[PDB]
Amino acid sequence: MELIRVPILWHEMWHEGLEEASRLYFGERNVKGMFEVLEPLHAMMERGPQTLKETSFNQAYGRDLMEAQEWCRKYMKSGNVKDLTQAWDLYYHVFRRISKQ
C-alpha cells in the first residue's frame, strides 16, 4: 500500500508486455505472439530477478502465473479456448493487480 507507481520498472514490462500480447492476440487471434511475449517476459523475471522487495511480487503472482501457466501449457497441448480464456483471466488478475493501487 504505497500508491506509488514507477514508469520504468517491472510493472512497465507487464503493462507493455500484456499490451503487446493482447494487441497481437486480438490483432489476428494469434496467441502465439502472447506466448512468445510472456515466455521471455516471464523468463526474464525468473532468470532476471530484482530484490527481496520484488521477491514478494514474483511470489504474489508466483502461484497465480503458475496456475495460468498450467492452463497455457494445458491449452497448448490440449487445445481449448476455454482454457486459453481462463489463462488470460488469471493473467489479467495479476496484471490488473500490478496496476490496481
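To be clear, the structure that these remarks concern was listed above.
Residues numbered from 1 in each chain as written, not as in the entry; some residues may be left out. Heavy atoms only, no water.

A.B. asks: Any chance you could explain the environment of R23 here in plain terms?
C.D. replies: Considering the arrangement of structural elements, one finds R23 in helix α1 (residues 10-27). Considering only alpha carbons, one finds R23 and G33, 10 residues apart in sequence, at a separation of 9.3 Å. (Helix = DSSP H or I, 4+ residues; strand = E, 2+ residues; numbered from the N terminus.)

A.B. asks: Would you mind going over the side chain of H11 with me for this structure?
C.D. replies: Examined against the element boundaries, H11 turns out to sit in helix α1. Judged by its relative accessible area of 16%, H11 falls in the buried class. (Buried < 20%, exposed > 50% of the residue type's maximum accessible area, 1.4 Å probe, protein only.)

A.B. asks: Explain the layout of surface pockets here, please?
C.D. replies: Empty space among the atoms can be located by rolling a probe the size of a water molecule over them. A volume near 600 Å³ is recorded for the largest pocket. Looking at the largest pocket, it is lined by 21 residues, and the ones nearest its centre are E2, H11, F57, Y61 and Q101. Of all the secondary-structure elements, those providing two or more residues to the lining of the largest pocket are α3 (52-77) and α4 (81-99). A total of 7 residues in the lining of the largest pocket trace back to one element, the largest contributor, which is α3. Tallied by class, the residues present in the lining of the largest pocket amount to 9 nonpolar, 5 polar and 7 charged. Taken together, 21 residues make up the lining of the second largest pocket; nearest its centre are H42, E46, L65, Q69 and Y91. For the lining of the second largest pocket, the secondary-structure elements that each account for two or more residues are α1, α2 (31-47) and α3. Top contributing element to the lining of the second largest pocket by residue count: α3, with 11 residues. Across the lining of the second largest pocket, the residue classes break down as 13 nonpolar, 4 polar and 4 charged. (1 Å grid on protein atoms, 1.4 Å probe; cavity = no way out; pocket = protein on both sides within 12 Å on 5 of 7 lines; lining within 4 Å. Points joined across faces, edges and corners; volume = space filled by probe spheres on them. Nonpolar A, V, L, I, M, F, W, Y, C, P; charged D, E, K, R; others polar.)

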